[PDB]
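Student: Starting off with a structure, shown below.
When we count neighbours, we look across all protein chains shown, and the Cβ atoms used for this are built from the backbone with ideal geometry, even at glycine. All of this is worked out from the model, or read from it or from the source named; these are not laboratory values.
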Amino acid sequence: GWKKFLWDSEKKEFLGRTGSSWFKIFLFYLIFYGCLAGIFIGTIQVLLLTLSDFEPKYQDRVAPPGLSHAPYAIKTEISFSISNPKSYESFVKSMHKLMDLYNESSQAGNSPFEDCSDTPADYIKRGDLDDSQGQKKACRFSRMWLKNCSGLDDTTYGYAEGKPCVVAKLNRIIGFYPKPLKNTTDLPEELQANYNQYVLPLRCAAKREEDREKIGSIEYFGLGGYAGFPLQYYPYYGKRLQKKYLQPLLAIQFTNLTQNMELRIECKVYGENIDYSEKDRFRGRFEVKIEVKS
Amino acid sequence: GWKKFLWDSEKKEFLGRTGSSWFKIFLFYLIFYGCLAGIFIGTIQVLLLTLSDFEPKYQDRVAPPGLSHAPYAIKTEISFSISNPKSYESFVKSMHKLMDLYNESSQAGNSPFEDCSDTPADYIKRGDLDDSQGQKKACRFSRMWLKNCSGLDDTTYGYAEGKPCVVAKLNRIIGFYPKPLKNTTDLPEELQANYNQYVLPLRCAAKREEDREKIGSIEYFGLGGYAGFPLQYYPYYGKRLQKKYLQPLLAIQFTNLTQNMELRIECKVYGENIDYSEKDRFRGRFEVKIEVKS
Amino acid sequence: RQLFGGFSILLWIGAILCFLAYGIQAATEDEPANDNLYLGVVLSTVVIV
Amino acid sequence: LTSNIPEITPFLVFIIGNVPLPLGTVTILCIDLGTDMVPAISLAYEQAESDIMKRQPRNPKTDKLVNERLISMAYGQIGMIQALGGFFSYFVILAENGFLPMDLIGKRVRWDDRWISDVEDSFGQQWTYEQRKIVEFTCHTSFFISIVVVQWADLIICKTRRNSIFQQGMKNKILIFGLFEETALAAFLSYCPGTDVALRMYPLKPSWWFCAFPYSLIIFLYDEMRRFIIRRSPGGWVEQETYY
Amino acid sequence: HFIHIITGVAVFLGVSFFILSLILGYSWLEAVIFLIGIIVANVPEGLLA
Amino acid sequence: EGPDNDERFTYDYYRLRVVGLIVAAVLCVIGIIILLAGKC
Amino acid sequence: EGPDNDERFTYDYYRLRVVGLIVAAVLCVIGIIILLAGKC
Ligand SMILES: C=C(/C=C\C[C@@H](O)[C@@H](O)[C@H](O)C/C=C/C=C\[C@@H](O)C[C@@H]1O[C@H](C[C@@H](O)[C@H](O)C[C@H]2O[C@H]([C@H](O)[C@H](O)CC[C@H](O)/C=C/[C@H](C)[C@@H](O)C[C@]3(O)O[C@H](C[C@@H](O)CCCCCCC[C@@]45C[C@@H](C)C[C@@](C)(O4)[C@@H](C[C@@H](C)CCCCC[C@@H](O)[C@H](O)[C@H](O)[C@@H](O)[C@H](O)[C@H]4O[C@H](C[C@H](O)[C@H](O)/C(C)=C/[C@H](O)C[C@@H](C)[C@H](O)C(=O)N/C=C/C(=O)NCCCO)[C@H](O)[C@@H](O)[C@@H]4O)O5)[C@H](O)[C@@H](O)[C@H]3O)C[C@@H](O)[C@@H]2O)[C@@H](O)[C@H](O)[C@H]1O)CC[C@H](O)[C@@H](O)[C@H](O)[C@H](C)C[C@H]1O[C@H](/C=C\[C@@H](O)[C@H](O)C[C@@H]2C[C@@H]3C[C@H](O2)[C@@H](CC[C@H]2O[C@H](CN)C[C@H]2O)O3)[C@@H](O)[C@H](O)[C@H]1O
Ligand SMILES: CCCCCCCC/C=C\CCCCCCCC(=O)OC[C@H](COP(=O)(O)OCC[N+](C)(C)C)OC(=O)CCCCCCC/C=C\CCCCCCCC
Ligand SMILES: CCCCCCCC/C=C\CCCCCCCC(=O)OC[C@H](COP(=O)(O)OCC[N+](C)(C)C)OC(=O)CCCCCCC/C=C\CCCCCCCC
Ligand SMILES: CCCCCCCC/C=C\CCCCCCCC(=O)OC[C@H](COP(=O)(O)OCC[N+](C)(C)C)OC(=O)CCCCCCC/C=C\CCCCCCCC
Ligand SMILES: CCCCCCCC/C=C\CCCCCCCC(=O)OC[C@H](COP(=O)(O)OCC[N+](C)(C)C)OC(=O)CCCCCCC/C=C\CCCCCCCC
Ligand SMILES: CCCCCCCC/C=C\CCCCCCCC(=O)OC[C@H](COP(=O)(O)OCC[N+](C)(C)C)OC(=O)CCCCCCC/C=C\CCCCCCCC
Ligand SMILES: CCCCCCCC/C=C\CCCCCCCC(=O)OC[C@H](COP(=O)(O)OCC[N+](C)(C)C)OC(=O)CCCCCCC/C=C\CCCCCCCC
Ligand SMILES: CC(C)CCC[C@@H](C)[C@H]1CC[C@H]2[C@@H]3CC=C4C[C@@H](O)CC[C@]4(C)[C@H]3CC[C@]12C
Ligand SMILES: CC(C)CCC[C@@H](C)[C@H]1CC[C@H]2[C@@H]3CC=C4C[C@@H](O)CC[C@]4(C)[C@H]3CC[C@]12C
Ligand SMILES: CC(C)CCC[C@@H](C)[C@H]1CC[C@H]2[C@@H]3CC=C4C[C@@H](O)CC[C@]4(C)[C@H]3CC[C@]12C
Ligand SMILES: CC(C)CCC[C@@H](C)[C@H]1CC[C@H]2[C@@H]3CC=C4C[C@@H](O)CC[C@]4(C)[C@H]3CC[C@]12C
Ligand code: NA
Ligand code: NA
């Protein structure tokens, strides 16, 4: 048993078989797993062919677009002390990571960045989804447009004295044209004033009726001074056809925030091809919990 | 044209293309014809597998058995002069080729030849169609059994003095059991006398009613003196299982043949699993044209 | 021995854990999710069948 | 024993290779209860091959039920194939929805984070958390179906070990019942209006059902030849190695 | 008997998957969660019934 | 392909579910018929 | 397999011809139906 099963010297066996047997079985398995690997690689190559390089074959899952934000809050809560500096570091590092991509040094020269209307405008079509006219051109987006939340004056962006900012952003979708609501008698209360057709409005409020009073002055910063996204930055042509593309951003300062109390703030974008979902709490709108405990 | 199409020295082209092109096309065709050859060889190997080595999968085309003869006559005519020796040479060479396989020297020793009843007997079954009991054993067939047509006494076999012989033979079929007609009131005229159940009768006659008179004495030579084939040499087990197997033979001497006249002689075997065909003139029966012109 | 043997015991745990995951949820978070309640309702039905 | 390989390989690549989970808990329970209960029971009822009495008796000392050859055919040869068949349906679902294969190695850490609503795909689009989880679930359902499809083949080849099915015949009624019923279970759970909320299975588009078909035909053809070689060459290498 | 061998093979692989996980930076807890799951997935169920 | 290219973001899941259910019902019926043919 | 093994030398060509003709007639009909559907 112990010895005979490990190595016997009459039949010249190791673990149970002889030499020529181990060689035949090992050779068979090597050839077999090679045919298997080759077939899998071929059936996967035909699939890499089938698809196009400038457009995902199916665009029904990412639609309509979401609404993400910086900072990066875990559980959608932004809690920090106004005294301890090591409390809002994880937030500033994120905010900075996001704004660090809009540096003017990056947007330099004629290419591939071109100047666009300083005031909201209409769509801009740079052709079809081809490679004919090379890399398309994207509109520039300056940092300074965001007035008090730019990290250029007060690097912290506000967290230093109980006045935080929230840079909202619309999820990039290929060939998506944003459509704002029209001036007809049916429109929310808020949206009536400053109906710039070319701007997609974003407006934050309180989840509960009580919290209204405890929330102060929501000051939105954006392109042209409006609380929205200019339609001129659309549509998006995809990474392959528009590398070095910048999406608009909207800053929100929650001035006059009550101290030592959890406030639930829900921000929401409005528009025709915009729809919310009771399951996905980031589709079109977003929720943030702020508590400036000091 | 003339020169530019043959060899130009600017684009470095021969017959129309450059070097790297001829290399790519030649390489492609070589690889392609290799895949084609390999696939054909594999699909043919699966077929060589499917079949058995001891038995043809289909035995409906060679059934029932035919009736061939030596000599080798072209158009089924045996015409030769009794004076010119160079007239019946093509015949004797054949007759000899056939009888040269029944030499006693070949049938020597205990194997793989065994002695069988000198008188017609019944069938003999040497087992199934396997390789279990090795090479089967076949009954010996002596030359001398054929009395006046054996090439042992009168090498010519008869053609020398206007008395020819015809060695008839039944086509070898695997697992075929010959079944002769029974003694019931319905049986041809000829077959009544000498009804040895164990013998398959062969009887020749004249195609036309007139030729009867011009045909003399048909003298049949065979095993036991009967005009037939002994059932003991059946069945046949096939080449793979019965190499060195000899099939019975029947000699026919057409004594008293009218001189200088074409005679149509039709020979026919009788039996249950024997059936003739109006299209195949060699299925069960055979026709010979004899004209001993001297 | 059938519903409470040796391999089914682990499944009985999966079901327990998941139910506790739903309770800490409904007691704490406003407007919770229900993947845990239906996971428990599915697992329990498997040990029973 | 063959279905063990496709259920374990996903948890292995997931942890090692760091990709999105190909098979989950609900889908796995669906495999065990669907393709392993009724088809297995049908096998008991099988008829006898026309060789049962034309074969020598058995020596219990030398011939056992579970020997080193069963694990060779199930785990090693047939299993690895059902695993590749399910991996194809997975790769196909993601590539079409925007996530390609090269970009998938390492996205797990980021994929499984409820907080990154900005996940960027290959074509450069930005995905939220449930939008990408939906595609992952469409992969769990596809895997499931690719398993039932490959099971079709494994079951057919299981009827006989020495003769072909062309020789043995499809006269077993319970086994047929099993093929039609499983197919029905997969179509029902994938298409019913409400499994989304309760079980987490999503509808499958028509071009996807066919991804497992090449791997299902290969298993059948392989076993058929594997047998022809047995019938023709006794005591050969194939009979010493793969005859269980 | 068979079941026994398999269990031996399964327990071995479990401990191995453990060292692999920690050489790749998993949480001490994640390695035991993996050992428990792998050993449960390698042992066959139903054979005797 | 123009601003009103909303079709590129729509899918007819309804028809797909209807067909999938018809097929499931048919396969299941075939099954019962074969399993019970004869009352044994 | 015994003297009376005559089946090993017989083939049912009749049934084969009958089936082959039924099939030919069916395929041809399908053809006419498709070619003329509509009177154009
Ligand atoms: C039911 C099951 C059980 C659970 C089910 C579970 O899932 C669920 O029910 C959930 O529970 C649901 C339950 C919910 C319950 C309640 C909830 O409702 C409610 C909510 O829950 C929420 C939580 C929930 O949200 C959570 O998220 C759920 C998840 O939980 C898990 C999480 O991940 C994770 O736990 C997060 C939690 C947290 O993180 C925990 C942290 C630790 C506790 C601890 O660290 C923290 C802390 O420190 O603990 C302290 C307490 C201490 O006393 C403890 C003492 C520590 C002992 C230290 C000794 C360590 C040890 C141990 C030795 C043996 C070996 C040794 C090596 O290590 C040795 C060495 C020594 C020397 C080390 C010494 C270190 C010292 C450390 C200690 O001192 C302490 O740390 C220290 O004291 C600390 O205080 C201090 O701070 C220290 O900090 C630091 C320490 C470091 O950090 C730490 O040390 C580190 C890093 C170590 C690292 O390893 C180091 C490495 C880097 C390494 O060294 C390294 O460098 N390598 C470098 C390599 C290198 O360069 N290489 C270069 C190469 C060059 O060549 C620092 O360093 C130190 O100095 C410092 O001192 O000694 C103390 O408290 C605190 O301190 C505390 O902070 C994960 C899950 O559990 C769960 O999802 C709450 O947040 C919420 O508030 C609540 O409301 C069974 C499971 C199933 O069976 C299985 O299926 C399973 O489900 C799957 C596996 C899941 C997976 O897949 C899922 C998807 C599908 C699956 O389901 C599929 O099903 C999978 C299946 C599985 C199988 C296979 C296949 O696939 C399928 C096939 C089956 C088929 O086949 C069948 C046939 N039979 C049929 C069919 O079924 O089945 C996925 O979804 C899953 O995600 C996935 O996992
Ligand atoms: C929508 C989904 C549709 C699914 C379609 C699946 C189609 C099937 C897929 C592949 C079929 C080919 C597999 C061939 C493998 C070789 C089989 C073989 O070698 O069997 C040998 C047996 C001989 O046995 P024996 O003489 O020992 O029996 C003795 C019996 N005793 C003892 C009573 C005398 O032969 C026999 O049984 C005769 C049986 C002959 C069957 C020929 C089938 C091949 C024709 C077409 C194949 C398809 C080719 C490419 C198709 C791509 C399709 C899109
Ligand atoms: C697009 C490409 C897809 C490729 C995917 C591959 C899928 C799997 C590939 C192949 C599996 C299918 C192969 C079917 C085999 C048919 C073989 C056959 O025909 O052998 C003829 C037999 C023999 O007859 P005999 O009298 O000589 O036997 C005498 C028996 N002795 C001697 C014991 C008396 O005849 C009989 O068995 C009697 C008649 C039985 C007729 C059975 C018909 C049903 C077959 C399959 C059911 C479908 C299941 C799938 C369900 C999903 C649907 C949605
Ligand atoms: C053989 C074993 C293998 C597999 C065994 C699996 C075991 C699983 C056992 C039980 C699982 C129970 C699942 C319960 C089904 C759903 C119940 C439920 O919780 O539904 C909730 C949903 C509400 O969703 P929502 O409001 O969030 O949707 C919002 C949609 N928005 C917003 C897009 C418009 O309800 C709705 O949607 C309304 C739709 C109601 C669905 C009716 C379907 C009936 C379900 C099962 C009956 C089938 C039995 C088979 C009989 C065969 C006979 C031959
Ligand atoms: C999507 C794709 C669908 C279709 C995929 C089809 C894949 C399946 C194709 C082949 C099946 C592979 C089976 C592997 C078995 C081979 C093993 C072998 O090597 O066994 C050789 C045996 C020798 O036995 P022995 O006793 O003498 O050994 C004595 C040994 N000692 C001396 C040590 C004692 O047998 C011999 O040498 C002679 C027998 C040789 C049999 C060759 C059979 C080739 C049949 C088909 C292959 C062609 C497929 C064409 C398709 C084109 C696709 C693009
Ligand atoms: C012994 C064998 C007997 C067999 C006899 C069968 C008799 C025939 C009975 C039914 C045949 C098919 C009936 C067709 C109607 C199906 C209902 C349907 O098409 O619903 C679809 C919609 C779902 O909404 P959506 O797609 O817009 O969601 C949004 C989708 N997203 C999230 C992807 C965006 O429904 C809704 O809204 C409202 C849903 C209301 C409740 C529908 C009930 C469905 C559950 C079970 C019925 C099917 C039983 C089949 C039995 C098979 C045996 C295994
Ligand atoms: C616009 C489309 C309109 C279509 C309407 C179609 C209506 C249906 C009409 C016919 C359907 C099938 C009829 C089945 C009867 C076929 C006759 C048959 O089975 O005969 C077989 C025997 C042959 O003898 P054996 O096999 O024993 O020989 C020995 C064989 N060996 C040599 C191999 C040993 O017959 C004999 O003896 C006696 C034969 C007597 C004459 C038979 C006539 C067959 C010729 C044509 C009729 C088929 C027309 C099909 C039209 C298709 C359109 C393209
Ligand atoms: C055993 C048999 C059937 C396996 C045959 C495997 C075939 C399909 C495999 C073997 C090697 C493979 C090639 C390997 C490398 C490349 C380069 C890549 O840029 C395109 C795909 C291509 C050209 C692959 C196509 C598929 C391929 C030809
Ligand atoms: C391009 C691809 C698909 C072609 C693959 C060709 C395969 C089927 C061919 C290539 C070489 C061939 C082998 C060449 C030699 C022999 C030895 C012979 O005694 C049995 C068949 C066998 C073993 C052949 C089987 C079929 C085979 C393996
Ligand atoms: C194995 C052989 C004999 C039969 C194979 C049957 C296959 C081709 C059948 C089984 C179940 C079928 C699917 C059942 C339901 C649907 C949903 C419908 O909206 C599109 C077709 C689709 C996706 C069917 C395609 C064909 C399908 C996959
Ligand atoms: C190409 C696709 C879509 C259809 C393929 C149809 C094939 C399989 C059809 C076309 C004609 C058919 C043949 C027509 C006639 C006969 C004679 C009959 O006695 C046996 C079946 C047999 C031999 C049929 C077998 C199946 C067959 C070859
Ligand atoms: Na299993
Ligand atoms: Na199981």
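Student: Just for region B:92-112: of the residues that are part of a loop (DSSP other than H, G, I, E, B) and among the small types (G, A, S), which one is surrounded by the most Cβ atoms within 10 Å (Cβ to Cβ)? Quick ask: steps written out before the conclusion?
Tutor: Within region B:92-112, the first condition is being part of a loop (DSSP other than H, G, I, E, B), and the residues that meet it are B:100-112.
Adding the requirement that they be among the small types (G, A, S) leaves B:105-106, B:108-109, B:111.
On the way: B:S105: 5, B:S106: 12, B:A108: 10, B:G109: 6, B:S111: 9.
Only one residue fits best here, namely B:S106.
Student: If I filter region A:262-294 down to residues being closer than 18 Å to A:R208 by Cβ and among the hydrophobic types (A, V, I, L, M, F, W, C), which single residue comes out as nearest to the chain's Cα centre (by Cα)?
Tutor: The residue in question is A:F286.
Student: For region B:191-227, which positions are hydroxyl-bearing (S, T, Y) and touching a residue at least 40 places away in the same chain (Cβ under 8 Å)?
Tutor: Residues of region B:191-227 hydroxyl-bearing (S, T, Y): B:195, B:198, B:217, B:220, B:226.
Of everything in region B:191-227, those that are hydroxyl-bearing (S, T, Y) and touching a residue at least 40 places away in the same chain (Cβ under 8 Å) turn out to be B:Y198, B:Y226.
Student: A further question follows. Inspect all residues belonging to region E:18-26 and state whether any of them is loosely packed, with under 12 Cβ neighbours inside 10 Å and within 21 Å of D:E7 (Cα to Cα).
Tutor: no
Student: May I pose another question? Take the conditions away from ligand 13 (no atom under 16 Å from the Cβ), assigned to a loop (DSSP other than H, G, I, E, B) and among the aliphatic types (A, V, I, L, M) and apply them to B:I78. Does it pass?
Tutor: When the stated conditions are applied, B:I78 does not pass them.
Student: Restricting the search to region B:173-187, which residues are in contact with a strand residue (DSSP E or B) (Cβ under 6 Å, 6 or more places away or on another chain) and surrounded by fewer than 20 Cβ atoms within 10 Å (Cβ to Cβ)?
Tutor: First, pick out the residues of region B:173-187 that are in contact with a strand residue (DSSP E or B) (Cβ under 6 Å, 6 or more places away or on another chain): B:174, B:178, B:180.
Within region B:173-187, B:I174 is the sole residue that qualifies.
Student: Would you pick out the residues in region B:152-179 that are more than 21 Å from the chain's Cα centre (by Cα), in contact (Cβ under 8 Å) with a residue 60 or more places away in the chain and at negative phi?
Tutor: Of everything in region B:152-179, those that are more than 21 Å from the chain's Cα centre (by Cα), in contact (Cβ under 8 Å) with a residue 60 or more places away in the chain and at negative phi turn out to be B:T155, B:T156, B:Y159, B:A160, B:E161, B:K163.
Student: Of the conditions (1) more than 30 Å from B:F254 (Cβ to Cβ); (2) away from ligand 3 (no atom under 16 Å from the Cβ), B:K57 clears all except one; give me its number.
Tutor: (2)
Student: Which of the residues belonging to region D:220-238 are within 10 Å of chain B (Cβ to nearest Cβ) and either touching a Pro at 6+ places or on another chain (Cβ under 6 Å) or more than 16 Å from ligand 3 (Cβ to nearest atom) (or both)?
Tutor: Correct list: D:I229, D:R232, D:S233.
Student: Can you name the residue in region A:4-32 that is facing chain D (nearest Cβ under 10 Å), in a helix (DSSP H, G or I) and not basic (K, R) and, of all such residues, is farthest from D:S122 (Cα to Cα)?
Tutor: Looking at the filtered set, the residue picked out is A:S21.
Student: Cβ contacts < 6 Å: first residue closer than 28 Å to D:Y202 by Cβ, restricted to region D:161-190; second residue assigned to a loop (DSSP other than H, G, I, E, B) and away from ligand 10 (no atom under 12 Å from the Cβ), any location; separation 6+ or different chain. Result?
Tutor: Close Cβ pairs satisfying both conditions: D:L189/D:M201; D:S190/D:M201.
Student: For region G:12-31, indicate whether the set of residues that are hydrophobic (A, V, I, L, M, F, W, C) and within 14 Å of chain B (Cβ to nearest Cβ) is non-empty.
Tutor: Scanning region G:12-31, I find at least one residue that is hydrophobic (A, V, I, L, M, F, W, C) and within 14 Å of chain B (Cβ to nearest Cβ), so the answer is yes.
Student: Working carefully through the options D:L43, D:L65, find the one that is under 26 Å from D:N163 (Cβ atoms) and touching a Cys at 6+ places or on another chain (Cβ under 7 Å). Let's see the steps before the verdict.
Tutor: Details: D:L65 fails: touching a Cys at 6+ places or on another chain (Cβ under 7 Å).
When all the criteria are applied, what remains is D:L43.
Student: Spot the failing condition for A:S83; the list is (1) surrounded by fewer than 11 Cβ atoms within 10 Å (Cβ to Cβ); (2) at positive phi; (3) in contact (Cβ under 8 Å) with a residue 60 or more places away in the chain, and only one is missed.
Tutor: (2)
Student: Out of all the residues in region D:150-159, is one or more in a loop (DSSP other than H, G, I, E, B) and farther than 30 Å from A:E278 by Cα? I'd like the intermediate steps shown before the answer.
Tutor: First pass over region D:150-159, keeping only residues in a loop (DSSP other than H, G, I, E, B): D:159.
Filter once more, keeping what is farther than 30 Å from A:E278 by Cα: D:159.
The answer is yes; a qualifying residue exists.
Student: In region F:13-29, is there at least one residue being in a loop (DSSP other than H, G, I, E, B) and either surrounded by 15 or more Cβ atoms within 10 Å (Cβ to Cβ) or not aliphatic (A, V, I, L, M) (or both)?
Tutor: No.
Student: Turning to a different aspect of this structure: Output yes when any residue across region D:18-32 is over 29 Å from D:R161 (Cβ atoms), surrounded by fewer than 17 Cβ atoms within 10 Å (Cβ to Cβ), within 14 Å of the chain's Cα centre (by Cα) and away from ligand 5 (no atom under 16 Å from the Cβ), and no when none is.
Tutor: Yes: one or more hits.
Student: Another question, then. In the list B:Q259, B:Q247, which residue meets the criterion of being surrounded by fewer than 19 Cβ atoms within 10 Å (Cβ to Cβ) and within 15 Å of the chain's Cα centre (by Cα)? Give the derivation first.
Tutor: Numbers: B:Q259 fails: within 15 Å of the chain's Cα centre (by Cα).
Going through B:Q259, B:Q247 in turn, the sole match is B:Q247.
Student: Looking only at residues that are within 7 Å of chain D (Cβ to nearest Cβ) and assigned to a helix (DSSP H, G or I) in region A:33-60, which one is farthest from ligand 8 (Cβ to nearest atom)?
Tutor: The residue in question is A:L47.
Student: Any residue in region E:32-40 that is touching a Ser or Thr at 6+ places or on another chain (Cβ under 7 Å), within 16 Å of ligand 13 (Cβ to nearest atom) and either within 11 Å of chain D (Cβ to nearest Cβ) or in a loop (DSSP other than H, G, I, E, B) (or both)?
Tutor: Checked region E:32-40: no residue is touching a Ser or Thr at 6+ places or on another chain (Cβ under 7 Å), within 16 Å of ligand 13 (Cβ to nearest atom) and either within 11 Å of chain D (Cβ to nearest Cβ) or in a loop (DSSP other than H, G, I, E, B) (or both).
Student: Okay, moving on. For region D:170-179, does any single residue satisfy the condition of being out of contact with any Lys or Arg (no Cβ under 6 Å at 6 or more places or on another chain), among the basic types (K, R), within 27 Å of B:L49 (Cβ to Cβ) and within 11 Å of ligand 2 (Cβ to nearest atom)?
Tutor: no
Student: Any residue in region A:118-132 that is aromatic (F, W, Y), surrounded by fewer than 16 Cβ atoms within 10 Å (Cβ to Cβ) and either out of contact with any strand residue (DSSP E or B) (no Cβ under 8 Å at 6 or more places or on another chain) or outside the structural domain of A:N171 (by CATH) (or both)?
Tutor: yes
Student: Here is a follow-up. Suppose we filter region B:126-151 for residues that are over 23 Å from the mean Cα position of the chain (by Cα) and touching a residue at least 60 places away in the same chain (Cβ under 8 Å); how many remain?
Tutor: Here the count works out to 3.
Student: Let me ask you something else. Give me a count of the residues in region D:91-109 that are in a helix (DSSP H, G or I) and more than 14 Å from D:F137 (Cα to Cα).
Tutor: 8
Student: Also, I was wondering about something else. Kindly provide the set of residues from region F:1-12 that are surrounded by 11 or more Cβ atoms within 10 Å (Cβ to Cβ) and among the charged types (D, E, K, R), ordered by number.
Tutor: Once the filter is applied, which keeps residues that are surrounded by 11 or more Cβ atoms within 10 Å (Cβ to Cβ) and among the charged types (D, E, K, R), region F:1-12 yields F:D6, F:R8.
Student: Also: If I filter region D:186-203 down to residues being at the interface with chain F (Cβ under 8 Å from one of its Cβ atoms) and surrounded by 17 or more Cβ atoms within 10 Å (Cβ to Cβ), which single residue comes out as nearest to ligand 7 (Cβ to nearest atom)?
Tutor: That would be D:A187.
Student: Output the number of residues of region A:74-88 satisfying the condition of being within 13 Å of A:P164 (Cα to Cα) and not small (G, A, S). Talk me through it step by step, then tell me what you get.
Tutor: Of the residues in region A:74-88, the ones within 13 Å of A:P164 (Cα to Cα) are A:77-82, A:88.
In the following step, the residues that additionally are not small (G, A, S) were identified as A:77-78, A:80, A:82, A:88.
Total satisfying the criteria: 5.
Student: Taking into account only those residues within region D:134-160 that are over 14 Å from the mean Cα position of the chain (by Cα), within 14 Å of chain F (Cβ to nearest Cβ) and in contact (Cβ under 8 Å) with a residue 60 or more places away in the chain, which is nearest to ligand 3 (Cβ to nearest atom)?
Tutor: D:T138
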